[PDB]
Amino acid sequence: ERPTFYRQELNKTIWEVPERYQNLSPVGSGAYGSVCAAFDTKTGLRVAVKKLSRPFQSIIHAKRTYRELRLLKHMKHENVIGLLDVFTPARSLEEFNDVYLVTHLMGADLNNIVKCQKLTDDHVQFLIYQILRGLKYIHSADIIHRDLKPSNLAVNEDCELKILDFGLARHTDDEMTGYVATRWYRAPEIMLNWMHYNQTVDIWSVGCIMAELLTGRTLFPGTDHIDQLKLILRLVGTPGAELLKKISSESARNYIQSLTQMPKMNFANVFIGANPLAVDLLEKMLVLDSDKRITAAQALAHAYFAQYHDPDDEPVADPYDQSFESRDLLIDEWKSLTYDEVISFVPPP
Ligand SMILES: CC(C)(C)c1c/c(=N\C(=O)Nc2cccc(Cl)c2Cl)n(-c2cccc(CC(N)=O)c2)[nH]1
């Protein structure tokens with residue numbers, strides 16, 4: 001009933017996996033783990049296998065491990081990554097120190113698309129439609145992605161798209177510094193820690209992604225946090241008093257008021273030649289005040305997606321209990337919770 005596992009070393013990491021998974025090759029690595037492509041001989045699928053790096057080394061790691069397993073086990077939607085398998089070579093809780101996660105392999109991400117391909121407005125409609133369909137689902141579970149960007153969007157040959165998070169890195173201060181794509185898609189309220197944020201950050205990211213699909217260029221390629229803010233405020237205008245009072249960070253508020261006031265620009269003169277409906281949708285996503293941004297559910301009903309929108313096939317998630325988020329436990333308690341979730345996993349039929 002327990003499969004047989006075999007061992008191999010790949011780039012200084014030992015991988016111990018069931019025999020069903022063959023031809024493992026390294027695909028990515030970071031502080032939190034490593035990923036290989038493989039062939040699943042049981043299902044005939046090409047898969048990605050993520051080996052978490054010392055998942056129970058600390059409370060933050062143990063909870064992160066638990067969190068990712070909880071999320072992936074819940075995600076059951078065409079446009080969101082799902083869990084094919086989860087395994088450990090451990091035969092008991094006492095032996096349990098490693099966690100491996102298995103999903104559908106994707107190679108191509110949206111960067112591959114935007115920089116190689118010439119996307120028509122039809123392609124842009126279909127790609128952004130699928131992001132929004134996925135996001136409606138994710139948000140319906142009160143899950144916030146927070147790191148939407150082209151490298152976290154997998155896209156196949158038929159332009160079919162899935163949202164994931166390939167994050168093997170700590171978004172450290174250094175990682176968010178300078179002329180870096182790690183920060184270019186972030187809502188300004190989270191980039192600058194303006195206030196307590198919510199799921200609306202993800203819609204800002206979608207606006208940035210949609211713009212870049214339309215133009216082939218990064219929307220806000222800031223050289224640093226402040227330069228990026230300036231690029232943002234140039235396009236969308238400086239904040240009015242109503243938004244300024246919502247910036248609960250007094251230092252951040254005081255800074256943004258130092259800036260000379262600027263009006264929102266004409267997006268038709270920015271996105272020259274774009275479908276007017278794309279321009280209208282961008283205007284509704286790229287609103288500084290996150291309270292006033294369009295939601296994923298609202299966006300799906302926008303005329304730009306008339307060709308794709310089916311209100312009977314834009315499903316919501318089952319209830320997702322994230323009461324664990326506010327719970328403090330010891331490493332071994334997070335570990336046993338995680339082990340229970342590994343043990344209870346039922347594969348997709
Ligand atoms: C889209 C959604 C549901 C918010 C998501 C997918 C995901 N994990 C992956 O997408 N994992 C993954 C990616 C590429 C290949 C493979 Cl094998 C995996 Cl398991 N997520 C995810 C990734 C790393 C950590 C955490 C937990 C945390 N945020 O602290 C979650 N989050």
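Ligands are counted one by one from 1 in listed order, and the atoms in each one are counted from 1 as well. We're numbering straight along the sequence, starting at 1. All values below were derived from every heavy atom in this structure, side-chain atoms included, with hydrogens, water molecules and symmetry-related copies excluded.
Only the side chain of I81 comes within 4.0 Å of ligand 1, counting heavy atoms alone; its backbone N, CA, C and O stay farther away. At a 4.0 Å heavy-atom cut-off, ligand 1 does not touch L83 at all.
Taking atom 16 (C) of ligand 1 as the reference point, the nearest protein heavy-atom neighbour is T103 OG1, 3.8 Å. The nearest protein atom to atom 17 (Cl) of ligand 1, hydrogens excluded, is given as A48 O, 3.3 Å; this is a heavy-atom distance. Here the heavy atom of the protein found nearest to atom 1 (C) of ligand 1 is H145 CD2, 3.7 Å. The shortest contact between atom 24 (C) of ligand 1 and any protein heavy atom is with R64 NH2, 3.5 Å. The nearest heavy-atom contact from the protein to atom 11 (N) of ligand 1 is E68 OE2, 3.0 Å. Among all protein heavy atoms, the one lying closest to atom 3 (C) of ligand 1 is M75 CG, 3.7 Å. Considering only non-hydrogen protein atoms, atom 28 (N) of ligand 1 sits nearest to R67 CD, 4.0 Å.
At least one donor-acceptor pair under 3.5 Å links the side chain of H225 to the backbone N or O of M176. Between the side chain of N156 and the backbone N or O of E160, at least one donor-acceptor pair lies under 3.5 Å. Side-chain atoms of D224 do not come within 3.5 Å of backbone N or O of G178 as any donor-acceptor pair.
Side-chain heavy atoms closer than 4.5 Å link hydrophobic residues (I, L, V, M, F, W, Y) into clusters, and following such links, possibly through other members, connects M262 to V270.
Side-chain atoms of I294 and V287, non-hydrogen and from C-beta on, never get closer than 4.5 Å to each other.
Close N/O approach between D165 and ligand 1 is found [any backbone or side-chain N/O within under 3.5 Å].
Heavy-atom proximity to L101, at under 4.0 Å, picks out these atoms of ligand 1: 17 (Cl), 19 (Cl).
Between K149 and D147 there is a salt bridge, with a side-chain nitrogen of the basic residue lying less than 4.0 Å from a carboxylate oxygen of the acidic one.
Within the 6.0 Å centre-distance limit, the rings of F220 and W204 are counted as a close aromatic pair.
Each of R133, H309, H77 was checked for a side chain to side chain donor-acceptor pair (under 3.5 Å) with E314, and the lone residue meeting it is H309.
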